[PDB]
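As a starting point, one isolated chain is supplied in structure tokens, in the form deposited in one PDB entry.
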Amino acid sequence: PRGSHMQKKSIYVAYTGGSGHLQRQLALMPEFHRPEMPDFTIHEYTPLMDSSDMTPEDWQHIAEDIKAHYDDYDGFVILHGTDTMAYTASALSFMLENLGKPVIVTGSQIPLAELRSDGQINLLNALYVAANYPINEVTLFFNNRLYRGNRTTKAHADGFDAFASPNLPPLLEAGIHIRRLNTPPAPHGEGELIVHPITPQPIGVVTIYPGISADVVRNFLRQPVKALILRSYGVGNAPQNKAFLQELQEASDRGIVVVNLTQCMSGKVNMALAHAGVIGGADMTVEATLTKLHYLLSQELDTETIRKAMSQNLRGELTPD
């Protein structure tokens, strides 16, 4: 949407990490205080966190912070470390039902306090976008592009273009003008914001590679697994090993949700593993699939319902057949 510019918006900034130094730095930067910029309020988290140290509880914290302040602001910017920004953006998309205001995750590759920082520009753009292009999704702003949150990954560890959306175009691109792209809408509810709990869930993340043993699937099966993510080859292939397919069939028998993804940057799983109870994850990222599992396992649903929900497009994270 191209939102109206008639009244001065108020944006809430959840400074999660990524004391008082940010807020003072922004005070000192005139760009942030111009007439064309929305008003904003910073909530600095205590303690501030390196995003590498994040757990699902942290997603919950942030979602509760949004719900607390929802009626009081026009939009939300989540300032976050880059390392797991994509996991947080993906988690929020599932947790937040009936979301009728923009939530934009952003941050920087270089600290605001350093030289050549991208923080100023990413945060300025996020605020301006949240105020003027109020897309009702959890999104991620980086390097002049706004992405669907649950479509992103950090693709480039050293680049300012750190984030990609390998299976979906950006929602918006910033140049001389801000351009909205033809990207199709996610499913949308109606009424007041509902936060669905995401709790800790033991989920294993198996990379498929030559020489991987059945012992891996057997080892996960011992306890730390209610779900298992397979990063398989290409369009979702794995070794045809009888013991391997046995241990997977066994897993699904014990009520473990086994989800097949591609280890590739882009592409779509096309489903043998299906006969072993494995569910296809279509073109979902690991970040979307991990958080979607956390979401569903923490909800009031049985194993069959979770399995079916995993291949369904819930929030724009997957492209239906």
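When you see a residue number, it is the position in the sequence shown, counting from 1. Rigid core: the largest C-alpha set superposing within 1.5 Å between the two forms.
The form deposited in another entry is left out here; the points below concern that form.
Kindly specify the one residue in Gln201, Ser117, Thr183, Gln249 whose Cα moves by 2 Å or more between the shown form and the other one, with superposition done on the rigid core.
Going through each option, the one that shifts is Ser117.
Aligning on the rigid core, do we see the C-alpha of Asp161 shift 2 angstroms or more between the shown form and the other one?
Superposed on the core, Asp161 moves its C-alpha 2 Å or more between the shown form and the other one.
On a rigid core superposition, would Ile212 pass a 2 Å threshold for CA movement between the shown form and the other one?
Comparing forms between the shown form and the other one, the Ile212 CA shifts at least 2 Å.
Just say closer or farther for the C-alpha distance from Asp83 to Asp161 in that other deposited form, relative to the shown form; it changes by 3 Å or more.
Their C-alpha distance shrinks by at least 3 Å in that other deposited form.
If the C-alpha spacing of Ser51 and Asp161 moves by 3 Å or more in that other deposited form, is that a move closer or farther apart?
Result: closer.
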